[PDB]
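A lone chain, given as C-alpha cells: the form deposited in one PDB entry.
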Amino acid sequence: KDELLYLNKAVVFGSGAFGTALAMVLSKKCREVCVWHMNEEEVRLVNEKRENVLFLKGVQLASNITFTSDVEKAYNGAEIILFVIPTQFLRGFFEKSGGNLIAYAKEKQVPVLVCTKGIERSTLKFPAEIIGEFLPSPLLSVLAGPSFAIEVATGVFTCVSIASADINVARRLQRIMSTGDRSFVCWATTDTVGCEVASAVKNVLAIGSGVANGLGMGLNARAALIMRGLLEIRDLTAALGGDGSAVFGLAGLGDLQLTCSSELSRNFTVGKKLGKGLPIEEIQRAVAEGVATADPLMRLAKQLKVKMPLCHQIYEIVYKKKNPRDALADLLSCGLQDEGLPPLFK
C-alpha cells in the first residue's frame, strides 16, 4: 500500500549524527521517539539544550525526541527499533544489555532497522548479520542510501533503500520511514548483502578519492574511482551470496558517489594527506571509518578470494606505508582491458 504508517513510539539505539537525523525523520511519523545514549550526564545536557550538541550541532530536536540512557525505558512500547550503534560495540551491547530487549522484540514481533555500517574485526561479519545472531532475521531490514545526516535531519529531500530478504518486510518499513511531506522517500529491495557491502566499502573508497585529490588529480579521476570501485562492491557482494540488486541503486552507486564527493569528510581528508605524502601516524589525531574498515575488508576479501584492486591498494597505502604513486602505478600496470560489465539485454 502507498499509504503511510504512523506509530506511537520508535526507539533508536545509537546517538550519532545519523541516528539523530533518523530520529528527526521518525519524529514526524511517531508520537514518541526515544534515542538511547549510554552516558547519563550527556543525556541530560542534550535534553536540556534540546539539541544533540555532541554529534549533530546546530539542529534543534523535535520536542517529541527524548534522549535516555535506560535501555529498558528506551525500547518499552516501541513499535520499530533502529540500531545505529557502532559495529565494534554491537555484539557487546546485546550480550550486556539486550536480554530483555531481545525477548520483547521476539514476543511483540517488532521490526528492526539496521543502520549501522562496517565490518566486525573478530568475525568479519556485517552489522545486520551480527544483529541476526540475536534477533530473528525475518524481523530484520537494512537502511542505506545517499543520506548526509544534516540534510536528513533538516528535512532536505532524501531517497534511501530499505532492504530485506523478504520484500514484504522492506515494503512495510517503507511505509513507516517515508514522510508525509515526501522529504524522506524509501525504495524497497531484497539486497541486504549488497547494502551492507556498499556501506562498508564506500568508506575505504572515499579514502582513495582523497588520495586522488592529494595526488593532484581532478574530477575525471574521482568519477573513474567511483565507477571502478563499484565493481569491487559488486564482486564482493557476489562472493558473499548477495543477490546484488542494490549495487547499482541508491545503497550502492548512489551512496558511493555521494560519499566519495564529500571533500570535508574525515575519510577524504585522511586520503588527501596521504596523497600529499604525510605518513598515517602523523595524520592519526578520531579514526576515519575507512581506515578502520580497510583491514577487515582485505581479510574478508582474501578469505573469499575476491580481487579488489582499489581497496587493496588503499589498504597498502594506509597500513603498509606504500607510496601513493607506487600504488597508482601498480594499479595501472594491468594493461589495456575491456570494461568488465555484462550486457543487460540480449
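If you superpose the two forms and keep the largest set of C-alpha atoms that fall within 1.5 Å, you have the rigid core. Counting begins at 1, following the sequence as shown.
- In this entry, residue 285 is separated from residue 286 by 1 to 3 residues of the deposited sequence that have no coordinates.
- The stretch 327-335 shows the higher mean C-alpha B-factor when 327-335 is compared against 15-23 in the entry.
- Between 157-165 and 135-143, the higher mean Cα B-factor belongs to 135-143.
- The residue among 91, 117, 273, 222 whose C-alpha atom has the highest B-factor in the PDB entry is 273.
- The PDB entry assigns residue 171 a C-alpha temperature factor belonging to the middle third of its chain's modelled residues.
- When all modelled residues of the chain are sorted by CA temperature factor, residue 151 is found within the lowest third.
- The deposited CA B-factor of residue 262 belongs to the highest third of values across its chain.
- The PDB entry assigns residue 108 a C-alpha temperature factor belonging to the highest third of its chain's modelled residues.
- Remark: residue 251 belongs to the lowest third of its chain, ranked by C-alpha B-factor as recorded.
As for the form deposited in another entry, it is not shown, yet the points below apply to it.
- With the two forms fitted on their core, the C-alpha shifts between the shown form and the other one stay under 2 Å for all of 141, 189, 116, 267 except 267.
- Put the two forms on the same core and the Cα of residue 317 is off by 2 Å or more between the shown form and the other one.
- For residue 58, the Cα coordinates differ by under 2 angstroms between the shown form and the other one after the core has been superposed.
- Residue 106 shows a C-alpha shift below 2 Å between the shown form and the other one [criterion: core-superposed Cα displacement of 2 Å].
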